[PDB]
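> requesting a structural model of the entry that follows:
(10 chains, ligands or ions: 3)
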Amino acid sequence: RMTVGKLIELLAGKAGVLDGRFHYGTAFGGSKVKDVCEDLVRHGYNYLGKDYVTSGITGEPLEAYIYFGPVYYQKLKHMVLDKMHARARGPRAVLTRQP
Amino acid sequence: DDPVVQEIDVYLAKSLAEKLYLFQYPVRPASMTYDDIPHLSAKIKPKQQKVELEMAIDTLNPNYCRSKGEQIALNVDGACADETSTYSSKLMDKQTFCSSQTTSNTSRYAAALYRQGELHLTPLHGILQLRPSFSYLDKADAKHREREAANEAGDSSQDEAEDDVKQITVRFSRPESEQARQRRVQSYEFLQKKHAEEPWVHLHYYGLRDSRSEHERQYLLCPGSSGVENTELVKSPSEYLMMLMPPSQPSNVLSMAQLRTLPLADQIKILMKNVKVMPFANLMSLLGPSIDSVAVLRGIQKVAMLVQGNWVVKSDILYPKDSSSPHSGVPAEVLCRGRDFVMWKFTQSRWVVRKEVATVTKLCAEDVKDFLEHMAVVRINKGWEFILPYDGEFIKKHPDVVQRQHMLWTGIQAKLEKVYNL
Amino acid sequence: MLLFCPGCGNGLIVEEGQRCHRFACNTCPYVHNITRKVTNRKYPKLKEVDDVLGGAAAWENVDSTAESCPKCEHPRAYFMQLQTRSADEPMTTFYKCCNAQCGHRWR
Amino acid sequence: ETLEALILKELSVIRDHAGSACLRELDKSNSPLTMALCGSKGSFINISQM
Amino acid sequence: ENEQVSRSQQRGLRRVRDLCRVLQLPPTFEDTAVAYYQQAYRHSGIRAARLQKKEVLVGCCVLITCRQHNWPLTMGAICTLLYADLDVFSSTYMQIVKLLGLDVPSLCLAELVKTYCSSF
Amino acid sequence: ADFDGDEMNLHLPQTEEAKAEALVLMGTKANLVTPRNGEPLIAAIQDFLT
Amino acid sequence: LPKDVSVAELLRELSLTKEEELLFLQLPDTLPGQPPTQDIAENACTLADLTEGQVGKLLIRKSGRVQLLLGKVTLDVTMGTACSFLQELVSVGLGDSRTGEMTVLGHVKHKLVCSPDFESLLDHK
Amino acid sequence: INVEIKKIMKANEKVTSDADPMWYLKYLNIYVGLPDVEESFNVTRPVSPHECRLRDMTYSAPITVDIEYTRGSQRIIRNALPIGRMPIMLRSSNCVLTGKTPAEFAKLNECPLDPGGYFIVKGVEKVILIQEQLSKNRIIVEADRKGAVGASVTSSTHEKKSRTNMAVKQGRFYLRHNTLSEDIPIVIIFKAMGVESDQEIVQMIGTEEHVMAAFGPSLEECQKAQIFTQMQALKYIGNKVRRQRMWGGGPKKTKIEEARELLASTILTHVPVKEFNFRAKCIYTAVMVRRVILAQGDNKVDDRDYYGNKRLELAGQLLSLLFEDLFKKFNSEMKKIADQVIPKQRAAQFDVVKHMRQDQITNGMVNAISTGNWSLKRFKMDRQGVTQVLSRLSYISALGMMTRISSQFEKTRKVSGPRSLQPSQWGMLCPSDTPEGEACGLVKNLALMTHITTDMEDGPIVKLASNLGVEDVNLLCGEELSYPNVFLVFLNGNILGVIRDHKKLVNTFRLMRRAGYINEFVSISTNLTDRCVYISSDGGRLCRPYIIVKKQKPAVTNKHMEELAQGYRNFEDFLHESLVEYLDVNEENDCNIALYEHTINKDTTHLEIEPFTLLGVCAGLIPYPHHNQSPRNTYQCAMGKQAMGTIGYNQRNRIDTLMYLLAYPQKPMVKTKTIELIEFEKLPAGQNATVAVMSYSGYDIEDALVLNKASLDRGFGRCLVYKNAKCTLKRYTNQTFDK
Amino acid sequence: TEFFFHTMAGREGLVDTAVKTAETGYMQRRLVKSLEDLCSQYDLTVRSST
Amino acid sequence: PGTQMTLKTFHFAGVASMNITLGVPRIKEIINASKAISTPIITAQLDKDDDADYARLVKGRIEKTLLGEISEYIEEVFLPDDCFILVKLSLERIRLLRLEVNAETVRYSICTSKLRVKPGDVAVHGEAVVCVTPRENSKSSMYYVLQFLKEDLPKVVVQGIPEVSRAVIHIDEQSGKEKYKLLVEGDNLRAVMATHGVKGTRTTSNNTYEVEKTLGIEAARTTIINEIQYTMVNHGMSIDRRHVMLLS
Ligand SMILES: [Mg+2]
Ligand SMILES: [Zn+2]
Ligand SMILES: [Zn+2]
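Residues are numbered from 1 along each chain as shown, chains lettered A, B, ... in the order given. Ligands and ions are numbered 1, 2, ... in the order given. What follows is the structure:
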C-alpha cells in the first residue's frame, strides 16, 4: 500500500512529543525528515525511530529494532456489537412464509 | 513613435445627414457593378425604411434564354390580361431587389470621404441590405391556384345558377382575452399590414454617370476654415470614461474604495477598530496628503489614546455598551476596565506579565490573552513587549497632545486605583 | 465545383443547349455557354503506406533489459506492468523472455 | 505515436535502472527487501516506486 | 360510502377544509371538523337547506372544533370569513346545538387575552 | 477476505445427512485445491511466508 | 491578397497617389463630448449633435501606430472586416414629397473601426 | 430570499380572471420576516433551532404580504397577510444564529463551531446537495451512436427548453426537433428563415473548397425539389410539423404561420428575434453547420466531462424555481376559484382573502424538502435525492457533506467516462475525496478554496463589447466568417458579433475587469481551433483566485502581506488593487499558471496561491498525503466520514436517533493547516496512541491489529453510544386520547 | 501534478473494478444457469438432462 | 477468472496495432455465438512466407481497394459536344502496391450495381484514363447526375473482397526462418482461403459462425476452444482444457 506518509507522520509525532511541538503535515510542504531527525538526535533517541526493544514474553532482546511512535488512531462506527446477528426460527413474512 | 506624417484634419458635414443611405449587395461581388443596368423604379418609404428596386435586364443578349423567359412570363401573369402585369412585354424584364434593415441605431456609423489631407465624416440615416427577391414565383403560384379554382368551377360545361347566398351571420363581438390580443399584435400578419399601410413613394433614379451625381457629390463637403477649435469635444478622459461606462446605480467589511468615500472621523475610527495599533506617520499616508494633520489629530484624540508614542484605540470603541464578551459573556464595562488597566501598565512599563494583570483584574485567561494580543507580542523569558517601538519624533513634534494625553491618563490611573485597589 | 448565377445567386447546373452545353439556373433564364475545357480535380488521398510490422528492432521498444526471468534466467526480457486492480492491492507483472524465440508468457 | 512510445520507453528505462540501482545499494536484513524476496507481499516494482 | 357525496356536500367539506386551512390549523382540527360536518349532515332537515345554511353550519362546525381543543376563536373572526350575516349564523348555531346537544366548552379568558393582545 | 470489517455468514444444517455431506464434500481438508486448474489455494499467507 | 494595415493604407492613399477614395468607418456609440444645447442624462453624443468644422486629428506614428485625437483623448483606429462584395455609398435626397434624387456617391472598398483606448484611460486615472 | 423572490413576485404581480371584468388581484409587496413557532394559540413566538430539533417540528418563518383587490369594484388594500411558511436555513440573514457570540450560542443551545447550511424540517436536518448539470445554450458536437459526427443545441430560456439535433446520416445535414414529424434539410430551413440565395448561404457556411464539397449534397437535395421561395419552404415545414392537438385554428392558414411561429420562438429559443428577423439566427446556424463540417474531418470531438461546460446549481436556484411553480399554481387556483364563485353565487361580493390557502405553499415546501423529490410540471423536471439526511457521525462528516456535489447521470449507465478524474477538476474539486462504491466518480467534494459565481446583468458587458469595435452581425454577410483572422464573440451562447485582433480585445477586457468597473466574476476565453471568443457571465460557474503575475514578478509583495496581517487591508482590497483576481476554467484554459516562484518563467500570467488547497476538507486531515497512494487517501476520506468523535459543544443537549462520542478525545499531534482552518483540533475524532510497527503472535496477519489490555482498561478507545426512543400520545378524531 | 495523475489512475482502476464486478456476476449467473444440467454418469459418458 | 480479470490494454499481440476486444467482452461475444462480432480477426498463412513481394501481392489481392484510393484525380470535364467524368489512374502506385489492376479491370469494375451503367457508357482512351458519360434514367433523374456519379465513384470496389476492410502483414522472428502471415480484419473466411497464394489448409479465424458455416461443426468447436484458451492465457490466468472442451 506504499504508505510512507504513515511512517513520516509517526516520526513527526515522535519528534513533537519529544520536544513539545506540533509538526505540520501540510500537503506539498510541512516539516521535513531532517528536522525531526535532528530533534531525535538531540533528545537522545534514534534518528530513524527504530530503538532497542526487549521481548516481553521471553525477556530477551529482539534481533531487529522495532518502530515505535505516537500515531493518531481513530475508531470507526463499525463495531461487532451492532453487527452480530443470529437467527432462530423466528417470524416469517406474510406473503411468502420465509424469514 | 512620433506622429511625423499625415496629420489629417477630420471635418464634419450635416448637409446629407438624413439623406444618406448605405446599400450593399451581399450576393454581388465588388468587381461587377450595376452601372450599366438600366434602373426602372425605386419604391422606398420614409418611415420604416424598406427600399425596393426594379432592375432592367436585356433579352437579345446570348446569356438570356428567351424560351424560359417567355415561359416564366406566361406563368407569372395571365395570357393577355395586362391590367396588372409584372412585365410590360411577354418577357421576364424586371428583377426585384428587396431590402432588409441591418440595425436601428445607425448613428455610430458614418461615411468617411477622403481627400488630399482632409477626411469628412457624414452621419448615416439608415443602412439596408439588398437581395434579389423572388416575388414573381409567389404570384405565379397564386395564379395557378386561381386557375385550379376556375377549373373546379367549370368542371361542367354549363353551370346552373348556384344558390351561393352568403349566410347572414356577422362575426360576433366576442370579448378577446389579453393574451390573444397580445398574440394578434405580435403576429407577423399584423406587422406586415402595419408596414403595408404606409403608402409607397416613387423616386427617380440617377446613375453615377449622370451629371447630377457629380453635382450632389460636392455636398458631402462642409464650408469652413482649415483649423478651427471646436467648442465641444473638450471633456477630460475621466469624464469620457464615466459617460461611456455609466454606473448601475468582521467589522472590516468596508473596503478601501468604500473607506475613502467617508468622513475622516469614521475612517480613522474604523482604522483604529481594525488595527488597534497605528502610528501617526503611516496614518498620514493612509488618510491622504489632502487632509490636514490637525483634523486627523482632533479626530484621533476622540477615539484613541497615546501610549509610548503609538495610538491605541479606546476600549469603549471596540466593545460597545450593549455588547458582551464573546469568550466569557461578561459585560463590556469590565472588559473596558481591564483594557484600560493593561494600557496603563504599558504606559508605566513596556513589559507586562499576563499573570499579574489576570490576578488584578480577576479575569479569565482567554480574556487577558485577547487583550494582550492586540498591542503586545510574546517575548520569551520576559513576558510581553509592545508591537511597535517608541515614537519620539511624534512626541517632539506635538508636545501639547502628549501633555493632554498624560492629563487624561492621570484621571484614568486614579479611577483604576480606586476600582482595583492597587 | 459549385457555380452561382449573377442574377439571383442560385446554383448553376449543366444543361445541353441547342448549340453547346451551358451552365444554367433553375430560376432565371440566365445561361453561360462553354467555350473551352473546364475541369475541376479533387486529388484524393493515396494509400502511400506499406503496412510492414513485427520487426525485432521495433518490437524491442521496452524498458527491461538484462534481468533475471523466473523461467530460463537469461538477461533479455520484455516486461509489462499493470496497475488496474483494486481487489488485488499489489501490481501485476507480465514478462516476455525471448531471444532464442522461447515465447515465455506468464503472470 | 512513435514519439509517445519512445518517450514512454525512455521513462520506463529510467525507472528500471533506478530500481536496479536501489536494489543493488540496499543492504540485507531490510524488511521491504526481505518481503519482496520471500514474495509474501509487495515486489521489486513497489520498492523501486517508493 | 364516500360515493354518495352530493356536489353540495363536497362543496361543504371543501369549504370546511379551506376554512381550517386559512386559519393555519393542524390536520387534526381538519379531521375533527370534517367528522363533525359528516355527523351533522345525517339529518334530513340539515341536508335540505340553502347555501347560507350550509355555510353557517361550516362556520359553527369549525367553531365547535376550535372550542374542543382549547383553541379560543371569537365568532366575529369566523363570520368575517363567511359570506353571511351574524344573526342567521347565531340562529343556526342555537338550532344545531339544540338538535345535536354536543359538548360546548366555555371560552377561556386567559387564552382569549393571549390571542387578542398579540394582534396589536 | 482481508479482515478489514467484512461480515461473514455461517449456516448450521438441521439434518444428519446434510451435516455428513458438508463434512465430506465441503470438508476443508478435502478442498485444498481449486477445480479450475488444480492449483492449491489453502496455503501459507503473509506474515507466514516471511 | 495579403492583409494590409491602416498606416500603409493611408500612405498609399495620399503619398503614392492623389486620387480620392470613399471610406466607411465605425465610431464608438459615445463620443468624448457634450451635446451642445441638444436637450440632453449622459446619453450618446452622436455625430448629428455636433456641428461642422474640424473635430479631430488623425495621427500616424512610427512602427505602424495610428490614432485619432478627438479632444483630450485618443482613440485607436484599425481595419475592420475586409468586405469583398459590392458596397456602394449613395444619397437618397428627397427633394420633393413624391420625387427624390438618388445620387451614387461611389463605391466603398475598406472598413475602418475606431475604439476608445481604455488602457491609456486606466493608466491616467 | 432577498432578490429572486421579489422578481418572482413581480413576474406574477397582477392576476385576474376572464369572467366578471374590472376584477383583479394585484400583489403590492412581500416580506419573509423572522422564524417563529405556532405553538401558541394564534400567536407567534421566537424559537431556537435546537427547540425545533427537540420538538420534532420545522424551523420556518411566515410570509407576510400586502396586496390590493376589488370585492364590489371597491379597491381594498392589505398590509400583512400570511400565505405560507418558508423554511429558514441556519446562519442565514433571517436566522437568529447569525451575528451571535459564542455565549449567545450557549444561551440558545447551539454549537458555535457548527457549520450550518442545512434546513430543519419535522426535527430532522436536511441538506440540499449542489446539483451539477451541463451548461445550456451551447452547441455540443459529439459522435453519434452509429459513428456519425453530429451536433446538439439545448436552447433553454426562462420558460422552454428545446434540444435541436443535427444529422449527417446521408452526407447531408438534417435538423431534428420534437415538434417536427420528420427531420428536414437545413437548406429548406435557411430558405424559410428569410435568406433565399444559395450563394449567400454558402458564404455563410464557408469558402473552403472542402466545405463546399461537403455541403454540395445538401444543395443538390434541396434542388431536387422545387423549393425556391420562403413561402414554399414554410409550407414544407408546416407539412412536416406535428399536430399539436390544440383547441382552435391557426393564425391565418394553420399551415404556414404555425411553421413561422415555430421557427421564431420554438426553435432556438435562446437566439432572440427582434421582429421576425432570423438574420442573427441564420448566422448562428451557419456557424453551427460550419463547426459540424470542421468536425467531419479531424476527430476533435468535444467531451462532456469538461467542467468548463458544467454548471453548479445550489439550493437557491432550486428553491426559486419551486417557489415560482408554487406561486403560479396558487394564482391558477385563485383564478379558478374566482371563475367558479363570482359569476353566480348571490348578490353579495366575493373576495380572495377568504381563500388564502396558506397550507398549500407550506406543505409543498415541507414535502419537497423532506421527501427530496422535486416535481416541476411546467418544465417536466422530475428529480429525486436532492435533499439528504445530514450525517451526524462527526463534525468532519457534516462539514464534508455540506460541500457535496452530485452528478446528473445518477447511475443510469456505467459509462465510466464522467466517473473518471478529469484535469478540469484542478483547484476546484477534491480529487482524492470520493465515496467508495457505486457512487465513485458521481459524488464529489469542493476544494478548500473555491467559489461559485452568480447571475450577472450582461448590460455593461454588451455596451463595452459594442464600444470595443465589435461589428454588427447584420451589417456584414457570412463570408467574413470564413476569414482566418476574424474571430467570433459570444455572450452565454448568444452570438454577439465578430472582431479582429482578439488578443487586443481580450487584454482590454481583462484590464477593464481588473479596473473594477466590470464584475470580476465575468469570464472571457478564446478558442483558436474554433476561432471563438466566449464571454461567460451566467451563474453556476466555478472560479478560483489567483495572484496576477506581470514581467516575471508577482503583484503581491511582502509589504502587502504584512499590511494584511496587521489589518490595513483585506482580500477585497487585493481584489480591487488588481493584485488577486478570479479565474474560470475556460479563462484559465488560455492562461499560464505557476505552482511556485522558482517555476515562474517569462510566459506566466498567474501564480498559484497554495498547492495544498487542491485537497478538500476530508483529504486535509491526511498527514503528508503526497507520500501515500491515492486509493489509500480515498479510503481514508471514506473512513473519516464515518469516524467517531465529538460533534459539538451542544452534543449533550442534542437528542438524535444515533450518536457516537469518544470518552477521551485528543487532538492530533501531526496536524495540517486545514485542521487549524476548520478548527478540527477543538473537536477531535480520535486519540493519539503509541503504535508499534511489527508482527506479533500471528494475530495481525491481514490488516489486523493487536490491542493492549492495560491500555483499554485505563480508558483508551472507550466510546459512548446514544440512541433515541420516541413515543407519541395523540388525540384522535373522537374525543379520546392515549393514556 | 504527479499526485493528480496518480489519483486519476487510482480512480480509473476503481471504476474499472466496479464495472468488472457487476459484469462478471452477470456472466457467471448466465453461465451457471446454462451449464447446471450436466452430470458425470457411471458409464464414463457425460449426458444431458434429457 | 472474470473476477480476477483486469480489462487491461496495450496487448496488441505484438503488432502495436489492430485493437482486438479481449477479456470479459470477448468471452461474452464467444458464448453468445452471434453471427456478427466486433473486430473479426482472420489469420492467413502463405506459401512464400519468406518473400515480402508475394506477401504484398496476395494482400492487394485480398484487401478491398477503392477507386479513389488508386486514382490520382477524378475531374468533371465539360466539353462543348458532351460533358463527362475523367478518372486518371496512378500507374506508379498501382505497380508499387503490386495491384494486378489495369484500365480494363477498372472498366470491368464499373457497371456492377451502379444505377444500370451500361458498358457503352464507360470508355478507355489511354493506359490510365477512364471516361464515364452520364445518361438519364428517366426515373427522377436528368442529365445533371454528374454529382451523384462523382460522389459514389471513388467508393467502388476494383480489387479484393468487399467484406475485407483492413489487412496487415505480420512477421515472425523465428531464428530458423522469418515467415510472413496475414492478419485480415474481415468477416469472409471463405474468400480468404479461396484466394490465390494463401495456404487455405492453415487459415484460422475468430468469428465462430463463419468458421462453422465454412468448415463444419467440428472445426467450429476446435476454433472456439482455441480462441477461449488463447484469450484466457493472454491475461495471466490458466484454465484446464477439459472445462472449455466440455463447454464447446
Ligand atoms: Mg475487505
Ligand atoms: Zn440565377
Ligand atoms: Zn531469461
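> use CA for all of it now, contacts and neighbours both
Noted.
> so who does the residue most central in space within chain J touch?
Nearest residue to the geometric centre of chain J (CA atoms, centre = their mean): residue J:164, 1.9 Å. Going by CA atoms under 8 Å, 6 or more residues apart in numbering or on different chains, residue J:164 touches J:62, J:63, J:64, J:184, J:185, J:186, J:187, J:188.
> so what's the residue count around the residue nearest to it when sequence neighbours are not counted?
Excluding its sequence neighbours, the residue lying closest to residue J:164 (CA to CA, 6 or more residues apart in numbering or on different chains) is residue J:186, at 4.2 Å. Close neighbours of residue J:186, defined as other CA atoms under 10 Å in any protein chain shown, add up to 24.
> tell me the contacts of residue J:186?
Counting by CA under 8 Å, 6+ apart, residue J:186 makes contact with J:39, J:40, J:41, J:42, J:163, J:164, J:165, J:166.
> in strands, which of the residues you listed fall?
residue J:42 (DSSP state E).
> buried ones from the contacts of residue J:186, can you make that a ChimeraX selection?
Of the contacts of residue J:186, the buried ones can be selected in ChimeraX as follows, counting by 16 or more other CA atoms under 10 Å in any protein chain shown:
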select /J:39,40,41,42,164
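> closest one of the contacts of residue J:186 to residue H:239?
residue J:163 (41.3 Å; CA to CA).
> which one in chain J is furthest away from the centre?
The centre of chain J is farthest from one residue, residue J:80, which by CA atoms, centre = their mean lies 41.9 Å away.
> the residue lying closest to that one once chain neighbours are set aside - how many residues pack around it?
Closest residue in space to residue J:80, ignoring its immediate chain neighbours: residue C:20 at 5.2 Å, by CA to CA, 6+ apart. Neighbours of residue C:20 under the rule other CA under 10 Å: 15.
> surely residue C:20 and residue J:78 touch.
No: counting by CA atoms under 8 Å, residue C:20 stays clear of residue J:78, with 10.4 Å between them.
> quickly list what's touching both of those two.
In contact with both residue C:20 and residue J:78: residue C:34, using CA under 8 Å, 6+ apart.
> show me where the chain has its helices.
No chain was given, so I picked chain A. A:4-19, A:33-43, A:80-83 (DSSP state H).
> not quite, I wanted chain G
Taking DSSP H, the helices of chain G run over residues G:6-11, G:118-124.
> closest one to chain E among these?
helix G:118-124 (57.6 Å; CA to the nearest CA).
> ok and the residue in chain A nearest ligand 2?
residue A:28 (70.3 Å; CA to the ion).
> touching, that residue and residue H:612? I think so.
Yes: using CA under 8 Å, residue A:28 is in contact with residue H:612, at 6.4 Å.
> who has more neighbours, those two?
Set residue A:28 next to residue H:612 and count neighbours by other CA under 10 Å: residue H:612 wins out with 22 against 13.
> list the contacts for the more buried one?
A:26, A:27, A:28.
> within reach of chain H, which of those residues are there?
A:26, A:27, A:28 (CA under 8 Å from any CA of the partner chain).
> how about the contacts made by residue F:1?
By CA under 8 Å, 6+ apart, residue F:1 has no neighbours at all.
> how close does it get to chain D?
Applying CA to the nearest CA, to the nearest Å, the value for residue F:1 to chain D is 15 Å.
> where does that residue land in three-state SS?
Classification of residue F:1 by DSSP: H, G, I helix; E, B strand; the rest coil places it in coil.
> what's the burial count for the residue in chain G that ligand 2 sits nearest to?
Nearest residue of chain G to ligand 2: residue G:85, at 17.0 Å (CA to the ion). Look at residue G:85: counted by other CA under 10 Å, it has 21 neighbours.
> do residue H:576 as well
18.
> could you find the closest non-adjacent residue to it?
residue H:516 (6.3 Å).
> I'd say that neighbour and residue H:574 touch.
No: counting by CA under 8 Å, residue H:516 does not reach residue H:574; the two are 11.6 Å apart.
> which of these two has more neighbours?
residue H:574 (18 against 13).
> now the biggest helix by length in chain J: buried residues?
Ranked by residue count and defined by DSSP H, the top helix of chain J is helix J:208-233. Buried positions in helix J:208-233, judged by neighbour count with 16+ other CA under 10 Å: J:208-212, J:219-229, J:231-232.
> for chain F, what are the nearby residues on chain H?
Within reach of chain F by CA under 8 Å from any CA, chain H has these residues: H:695, H:698, H:701, H:702, H:703, H:704.
> neighbour-wise, which of those leads?
residue H:701 (16 neighbours).
> strands of chain C, start to end?
Counting by DSSP E, the strands of chain C are C:12-15, C:22-25, C:31-33, C:79-82, C:92-95.
> wait, does the lengthiest helix in chain D contact chain C?
In chain D, assigned by DSSP H, the helix with the most residues is helix D:2-25. Yes: under the criterion of CA under 8 Å from any CA, helix D:2-25 makes contact with chain C via D:5, D:6, D:9, D:10, D:12, D:13, D:16.
> distance of residue H:357 from residue E:19?
Using CA to CA, to the nearest Å, residue H:357 is found at 9 Å from residue E:19.
> residue H:681 in helix, strand or coil?
helix.
> contact partners for it?
Counted by CA under 8 Å, 6+ apart, residue H:681 has contacts H:667, H:668, H:675.
> the second one against residue H:685, yeah?
No: with contact taken as CA under 8 Å, residue H:668 and residue H:685 are classed as non-touching, separated by 9.1 Å.
> those two: which is more packed in?
More crowded of residue H:668 and residue H:685, by other CA under 10 Å: residue H:685, with 30 against 23.
> what's the neighbour count on the residue nearest to the more buried one when sequence neighbours are not counted?
Take residue H:685 and drop its neighbours on the chain: the residue closest to it by CA to CA, 6+ apart is residue H:645, 3.7 Å away. Residue H:645: 29 surrounding residues under other CA under 10 Å.
> before we move on, what about residue B:384?
Using other CA under 10 Å, residue B:384 is surrounded by 20 other residues.
> and the closest residue in space to residue A:52 that isn't next to it in sequence, what is it in contact with?
Distances taken as CA to CA, 6+ apart place residue A:65 nearest to residue A:52, at 5.5 Å, with adjacent residues excluded. Each residue near residue A:65 by CA under 8 Å, 6+ apart is listed here: A:50, A:51, A:52, A:53.
> doesn't residue A:67 make contact with the first one?
Spelled out, it's residue A:50. Yes: when contacts are counted by CA under 8 Å, residue A:50 is listed as touching residue A:67 (4.6 Å).
> ok, which stretches of chain F are helices?
Assigned by DSSP H, the helices in chain F fall at F:16-24.
> repeat for chain I
Using DSSP H, helices in chain I cover I:2-34.
> center of it, which residue is that?
The centroid of chain I falls nearest to residue I:24 when counting by CA atoms, centre = their mean (2.7 Å).
> pull the contacting residues for residue B:383.
Contact partners of residue B:383, counting by CA under 8 Å, 6+ apart, are B:351, B:352, B:353, B:354.
> which among those gets closest to ligand 2?
Among these, and counting by CA to the ion, the member closest to ligand 2 is residue B:354, at 98.0 Å.
> quick check: the gap between the closest one and residue B:370.
Taken as CA to CA, the span from residue B:354 to residue B:370 is 11 Å.
> neighbour count winner among the two?
Set residue B:354 next to residue B:370 and count neighbours by other CA under 10 Å: residue B:354 wins out with 16 against 12.
> now do the contacts for the more buried one.
So residue B:354 contacts B:368, B:369, B:372, B:383 (CA under 8 Å, 6+ apart).
> can you check residue I:16 too?
C:84, H:416, J:7.
> sorry, back to before: look up how far residue J:138 lies from the residue nearest to residue J:80.
Computed as CA to CA, the residue C:20 to residue J:138 distance reads 22 Å.
> check residue H:445 too.
Distance from residue H:445 to residue J:138, counting by CA to CA: 67 Å.
> show me which of the two is the more surrounded one.
More neighbours surround residue H:445 than the other of residue H:445 and residue J:138, with 25 against 8 (other CA under 10 Å).
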